[PDB]
Amino acid sequence: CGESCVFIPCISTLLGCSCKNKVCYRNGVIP
């Protein structure tokens with residue numbers, strides 16, 4: 001997604017951006 005949940009949780013969580021490896025990805029593994 002281009003998001004980073006290093007300090008705070010993803011904002012586009014609504015879309016599907018899940019916090020993974022401190023990096024936010026959507027659809028499982030889409031940055």
# chains A, B, ... in the order shown; residues from 1 in each chain; ligands from 1

$ select_by_dssp --residues "chain A" --states "strand (DSSP E or B)" --output "list in words"
residues 3, 4, 18, 19, 20, 23, 24, 25, 26 and 30 of chain A

$ residues_around --residues "residue A:27" --least-positions-apart "3" --cutoff "12 Å" --atoms "only C-alpha atoms" --output "count of residues only"
13

$ decode --residues "stretch 3-31 of chain A" --atoms "N, CA, C and O atoms" --output "JSON list (two decimals), in the first residue's frame"
[["chain", "number", "residue", "atom", "x", "y", "z"],
["A", 3, "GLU", "N", 2.15, 2.16, 2.78],
["A", 3, "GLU", "CA", 2.01, 2.57, 4.16],
["A", 3, "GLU", "C", 3.00, 1.82, 5.04],
["A", 3, "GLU", "O", 3.47, 0.74, 4.68],
["A", 4, "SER", "N", 3.27, 2.39, 6.19],
["A", 4, "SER", "CA", 4.16, 1.78, 7.15],
["A", 4, "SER", "C", 3.53, 1.83, 8.52],
["A", 4, "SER", "O", 3.15, 2.89, 9.01],
["A", 5, "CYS", "N", 3.43, 0.68, 9.14],
["A", 5, "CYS", "CA", 2.86, 0.58, 10.46],
["A", 5, "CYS", "C", 3.96, 0.42, 11.47],
["A", 5, "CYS", "O", 3.84, -0.27, 12.49],
["A", 6, "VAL", "N", 5.06, 1.09, 11.17],
["A", 6, "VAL", "CA", 6.24, 1.07, 12.02],
["A", 6, "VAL", "C", 5.95, 1.76, 13.34],
["A", 6, "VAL", "O", 6.34, 1.27, 14.40],
["A", 7, "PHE", "N", 5.27, 2.89, 13.28],
["A", 7, "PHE", "CA", 4.93, 3.65, 14.48],
["A", 7, "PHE", "C", 3.44, 3.56, 14.78],
["A", 7, "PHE", "O", 3.03, 3.43, 15.93],
["A", 8, "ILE", "N", 2.63, 3.65, 13.74],
["A", 8, "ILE", "CA", 1.18, 3.61, 13.88],
["A", 8, "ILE", "C", 0.56, 2.69, 12.84],
["A", 8, "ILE", "O", 1.11, 2.48, 11.77],
["A", 9, "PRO", "N", -0.60, 2.13, 13.18],
["A", 9, "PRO", "CA", -1.36, 1.22, 12.31],
["A", 9, "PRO", "C", -1.77, 1.88, 11.00],
["A", 9, "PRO", "O", -1.96, 3.10, 10.94],
["A", 10, "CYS", "N", -1.88, 1.07, 9.95],
["A", 10, "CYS", "CA", -2.26, 1.55, 8.62],
["A", 10, "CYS", "C", -3.55, 2.35, 8.65],
["A", 10, "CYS", "O", -4.47, 2.06, 9.43],
["A", 11, "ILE", "N", -3.62, 3.34, 7.79],
["A", 11, "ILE", "CA", -4.79, 4.20, 7.68],
["A", 11, "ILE", "C", -5.78, 3.59, 6.70],
["A", 11, "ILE", "O", -6.99, 3.61, 6.93],
["A", 12, "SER", "N", -5.26, 3.04, 5.61],
["A", 12, "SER", "CA", -6.11, 2.42, 4.60],
["A", 12, "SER", "C", -6.48, 1.00, 5.01],
["A", 12, "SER", "O", -6.55, 0.08, 4.18],
["A", 13, "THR", "N", -6.75, 0.82, 6.29],
["A", 13, "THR", "CA", -7.16, -0.46, 6.83],
["A", 13, "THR", "C", -8.54, -0.79, 6.29],
["A", 13, "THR", "O", -8.92, -1.95, 6.14],
["A", 14, "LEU", "N", -9.26, 0.28, 5.97],
["A", 14, "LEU", "CA", -10.60, 0.21, 5.42],
["A", 14, "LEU", "C", -10.57, -0.47, 4.05],
["A", 14, "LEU", "O", -11.45, -1.26, 3.72],
["A", 15, "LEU", "N", -9.55, -0.16, 3.27],
["A", 15, "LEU", "CA", -9.38, -0.74, 1.94],
["A", 15, "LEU", "C", -8.95, -2.19, 2.08],
["A", 15, "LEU", "O", -9.42, -3.07, 1.35],
["A", 16, "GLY", "N", -8.06, -2.44, 3.03],
["A", 16, "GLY", "CA", -7.59, -3.78, 3.27],
["A", 16, "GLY", "C", -6.10, -3.82, 3.56],
["A", 16, "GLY", "O", -5.49, -4.89, 3.54],
["A", 17, "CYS", "N", -5.52, -2.67, 3.84],
["A", 17, "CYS", "CA", -4.10, -2.59, 4.14],
["A", 17, "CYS", "C", -3.83, -3.10, 5.55],
["A", 17, "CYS", "O", -4.13, -2.42, 6.54],
["A", 18, "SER", "N", -3.29, -4.30, 5.63],
["A", 18, "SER", "CA", -2.98, -4.93, 6.89],
["A", 18, "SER", "C", -1.52, -4.73, 7.26],
["A", 18, "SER", "O", -0.64, -4.74, 6.39],
["A", 19, "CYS", "N", -1.26, -4.55, 8.54],
["A", 19, "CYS", "CA", 0.10, -4.36, 9.04],
["A", 19, "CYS", "C", 0.86, -5.67, 8.98],
["A", 19, "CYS", "O", 0.51, -6.64, 9.66],
["A", 20, "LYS", "N", 1.91, -5.72, 8.16],
["A", 20, "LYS", "CA", 2.71, -6.93, 8.03],
["A", 20, "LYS", "C", 4.19, -6.60, 7.92],
["A", 20, "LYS", "O", 4.60, -5.87, 7.03],
["A", 21, "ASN", "N", 4.97, -7.14, 8.85],
["A", 21, "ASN", "CA", 6.42, -6.90, 8.89],
["A", 21, "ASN", "C", 6.69, -5.41, 9.05],
["A", 21, "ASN", "O", 7.65, -4.86, 8.51],
["A", 22, "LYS", "N", 5.79, -4.75, 9.79],
["A", 22, "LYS", "CA", 5.86, -3.31, 10.06],
["A", 22, "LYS", "C", 5.57, -2.49, 8.81],
["A", 22, "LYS", "O", 5.66, -1.26, 8.83],
["A", 23, "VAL", "N", 5.18, -3.16, 7.74],
["A", 23, "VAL", "CA", 4.83, -2.51, 6.49],
["A", 23, "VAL", "C", 3.37, -2.83, 6.17],
["A", 23, "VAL", "O", 2.89, -3.92, 6.48],
["A", 24, "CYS", "N", 2.65, -1.90, 5.59],
["A", 24, "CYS", "CA", 1.25, -2.12, 5.30],
["A", 24, "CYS", "C", 1.02, -2.62, 3.87],
["A", 24, "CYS", "O", 1.47, -2.00, 2.90],
["A", 25, "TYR", "N", 0.29, -3.73, 3.74],
["A", 25, "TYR", "CA", -0.04, -4.31, 2.44],
["A", 25, "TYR", "C", -1.51, -4.64, 2.37],
["A", 25, "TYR", "O", -2.13, -5.01, 3.36],
["A", 26, "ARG", "N", -2.06, -4.54, 1.18],
["A", 26, "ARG", "CA", -3.46, -4.84, 0.93],
["A", 26, "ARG", "C", -3.56, -6.12, 0.12],
["A", 26, "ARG", "O", -2.60, -6.50, -0.54],
["A", 27, "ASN", "N", -4.71, -6.77, 0.18],
["A", 27, "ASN", "CA", -4.94, -8.02, -0.55],
["A", 27, "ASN", "C", -3.88, -9.06, -0.20],
["A", 27, "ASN", "O", -3.46, -9.86, -1.04],
["A", 28, "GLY", "N", -3.46, -9.05, 1.05],
["A", 28, "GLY", "CA", -2.47, -10.01, 1.51],
["A", 28, "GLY", "C", -1.03, -9.56, 1.34],
["A", 28, "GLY", "O", -0.30, -9.49, 2.33],
["A", 29, "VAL", "N", -0.60, -9.29, 0.12],
["A", 29, "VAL", "CA", 0.79, -8.89, -0.12],
["A", 29, "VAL", "C", 0.95, -7.79, -1.17],
["A", 29, "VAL", "O", 1.94, -7.76, -1.89],
["A", 30, "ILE", "N", 0.01, -6.87, -1.23],
["A", 30, "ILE", "CA", 0.11, -5.76, -2.17],
["A", 30, "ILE", "C", 0.54, -4.52, -1.42],
["A", 30, "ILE", "O", -0.22, -3.98, -0.61],
["A", 31, "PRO", "N", 1.77, -4.05, -1.64],
["A", 31, "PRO", "CA", 2.31, -2.87, -0.95],
["A", 31, "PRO", "C", 1.44, -1.63, -1.11],
["A", 31, "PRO", "O", 1.32, -1.07, -2.20]]
